[PDB]
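One chain is shown next in structure tokens, namely the form deposited in one PDB entry.
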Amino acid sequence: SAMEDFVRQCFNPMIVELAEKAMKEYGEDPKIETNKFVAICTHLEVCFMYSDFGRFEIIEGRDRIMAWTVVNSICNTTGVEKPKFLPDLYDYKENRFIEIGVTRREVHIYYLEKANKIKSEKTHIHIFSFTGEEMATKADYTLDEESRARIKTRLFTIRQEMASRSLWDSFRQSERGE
């Protein structure tokens, strides 16, 4: 599959290895769900960039046990309420958990979907598209504009490499089902 080749060529081996472990956890095959594979790599990379953007602890890219160990440690030392689902980051400055979303759809739709899912006002949502759009809880985008710019540039680049390989249309229609 050209998509698996693109994923392994454009993404860091550490990212790819972590995405493959996540996919194994949920019983998904990166050789069949290749578009998801690349989606998981992309969002992992966004989360890592966001975190180095500070300030942030990363919850994503860890296995469930260690990830919940970190979340509980945070809730014990800061007293922030325990989230109902694994978030992606913890903000020590604003002392709040953060869910990152990356969409090939309109950011407002994905934001509404995420907010309906977590149903907890406490966790902050930050949605990124592949064309520079973003939607965040209370339009509190957390990061400075240079940092968000670097994230947005990397996402657009991925979209354009996919486009270069005639992979973008398939990728786009894979996010939502019928």
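Sequential numbering from 1, following the sequence displayed.
Form solved in complex with a small molecule: not shown, discussed below.
Q: Thinking of 55, 76 and 80 as the candidate spot, does the small molecule come within 4.5 Å of a heavy atom on all of them in the deposited bound form?
A: Not one of the three qualifies.
Q: Going by a heavy atom distance of 4.5 Å, is residue 62 a contact of the small molecule in the deposited bound form?
A: So residue 62 counts as contacting the small molecule.
Q: May I ask you to state whether residue 14 is within 4.5 Å of the small molecule in the deposited bound form, using heavy atom distances?
A: Yes - in the deposited bound form, heavy atoms of residue 14 and the small molecule come within 4.5 Å of each other.
Q: Taking heavy atoms only, is residue 18 within 4.5 angstroms of the small molecule in the deposited bound form?
A: It does: once the small molecule is placed as it appears in the deposited bound form, residue 18 has a heavy atom within 4.5 Å of it.
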